[PDB]
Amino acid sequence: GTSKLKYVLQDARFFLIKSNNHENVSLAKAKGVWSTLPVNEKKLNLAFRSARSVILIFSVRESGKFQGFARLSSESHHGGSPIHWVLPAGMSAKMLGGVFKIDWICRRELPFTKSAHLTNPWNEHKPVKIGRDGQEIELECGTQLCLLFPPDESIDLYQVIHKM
């Protein structure tokens, strides 16, 4: 069912995460972690303190899809482990230094064609698939986007609700 999902999304904040490769989204699903550039790390740390739930909605660049979404379970922390991120051009391990802990709510894909009807007021009402890494998605757009994903029956939202 969708009732516990809707409870988790209640009053959440939503952020578009753009990853330059699949390997790091795969690593994030396996390890329950995410790292981003400092400008976005600052925004997510602020949001984490301000909202009952901060949801990261993931999209690998050029995949034409979202790869799932997750809830921040911590602010960023340094020095816990050297997450073997696969680094593309220009990006280095010091920039991706802060690690957030995340609980996955859905590890299933959603193609961009399925969200064509959702626009993001905080990005000039462009289609929600359009946005830079770290772009905030307004509550109603973000809620409807998350509800479009296929249910992920491997995930029990009970423990997530307790983190709140």
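Throughout, rigid core stands for the largest set of C-alpha atoms superposing within 1.5 Å between the two forms. Counting begins at 1, following the sequence as shown.
**Item:** Stretch with larger C-alpha RMS deviation in 8 other deposited structures of this protein, core superposed, 34 to 42 versus 52 to 60
**Value:** Higher average C-alpha offset in 8 other deposited structures of this protein goes to 34 to 42.
**Item:** Stretch farther from the shown model on average in 8 other deposited structures of this protein, with CA RMS computed after core superposition (65 to 73, 97 to 105)
**Value:** With the rigid core fitted, 97 to 105 is the stretch that strays more in 8 other deposited structures of this protein.
**Message:** When the Cα temperature factors in the entry are averaged, is it 93 to 101 or 48 to 56 that ends up higher?
**Reply:** 93 to 101 has the higher mean C-alpha B-factor.
**Request:** For residue 37, return the chain-relative third of its C-alpha B-factor as stated in the PDB record: lowest, middle or highest.
**Result:** Its C-alpha B-factor belongs to the highest third of this chain's values.
**Item:** Chain-relative CA temperature factor third for residue 19
**Value:** For residue 19, the deposited C-alpha B-factor lands in the middle third.
**Message:** Lowest, middle or highest third: which one holds residue 107 when the chain's residues are ordered by CA B-factor from the entry?
**Reply:** Lowest third.
**Item:** Lowest, middle or highest third - CA B-factor, residue 130
**Value:** It belongs to the middle third of the chain when residues are ordered by C-alpha B-factor.
**Request:** Using the B-factor values recorded in the entry, state whether the Cα atom of residue 151 falls in the lowest, middle or highest third among the modelled residues of its chain.
**Result:** Answer is highest: the recorded C-alpha B-factor places it there.
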